[PDB]
Each structure stands twice: as C-alpha cells, then as structure tokens.
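Next up: just one chain, as structure tokens, the form solved without its partner chain.
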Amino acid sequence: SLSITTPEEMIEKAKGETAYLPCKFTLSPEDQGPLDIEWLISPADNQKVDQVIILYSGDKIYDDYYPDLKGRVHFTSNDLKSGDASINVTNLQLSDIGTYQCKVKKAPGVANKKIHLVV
C-alpha cells in the first residue's frame, strides 16, 4: 500500500537557512488514481491550522497560497511522480515555526507525514 518514508520527524534549523522537508513515497500497484500531493502548515504563531503552502496535481505545481512563504517554497525533485514530494523552505524565519504536513494521495492510496519545524 501507499506509504511515506519516516511518517514523523523533527527538524532543527537556524534563521536564514533553507530547510529540506523530505517526503519520499512508495506506490502500490492498486494505486491507480491521479497523483494528488499537498503540503500544509500549522503555524505556531496564530490560530489557523492546516493551511496549504504548495500543491501538485495534474502534473502541475501550484504555490501561491500562503502569503508568508511567498517565493520561499518549492518542490526539490525534477521527477516528482517517481516518489519524491520533498520541498525546500528557503531563507527560514522565526515565523516558519510549525508543523508541516505532506499528504500524498493516489487512490485508493493515502499517506501523510508530519514534520515539526523549529527555527
């Protein structure tokens, strides 16, 4: 079945560095739906939770969602459909502190990974 490698982590980083948030996944033969990936942020700063930061669907990337991370989030892989939904959060700030969730779907497959990012 559909799985992510290391379904929970903590990454310690310093301000102005770029955090490599890994999300490597394995596909099952039954996973026949469209690959459907999203990363979310639960910021420690405020009340809102589970806020999209970047998206991959229809073999296209969409990233204009979270104003704070504008121009600072991107998928690292040139071949994301092969099993790598990892992202970079460049030029880390104090306000980036929070839980980052990677959700991979490829129906019936569903997996997610939470990373607690500390800056």
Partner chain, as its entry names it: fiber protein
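Numbering follows the first chain given and starts at 1. Shifts are known only where both forms have a C-alpha. Superpose the two forms; the largest set of C-alphas matching within 1.5 Å is the rigid core.
Absent from the display: the form solved in complex with its partner chain. The rest refers to it.
Three-residue candidate spot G16, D68 and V89; no residue lies within 4.5 angstroms of its partner chain in the deposited bound form by any non-hydrogen atom. Among residues of the shown chain, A111 is one whose heavy atoms approach its partner chain to within 4.5 Å in the deposited bound form. Contact check for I4: a non-hydrogen atom falls within 4.5 Å of its partner chain in the deposited bound form. Looking at 11-44, the residues that come within 4.5 Å of its partner chain in the deposited bound form, counting any heavy atom, are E12, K13, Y20, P22. Compared between this form and the one not shown on the core, the listed residues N78, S82, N46, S28 keep their C-alpha shifts below 2 Å, save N46. The rigid-core fit between this form and the one not shown yields exactly one 3+ residue run with every Cα displaced by 2 Å or more: 43-47.
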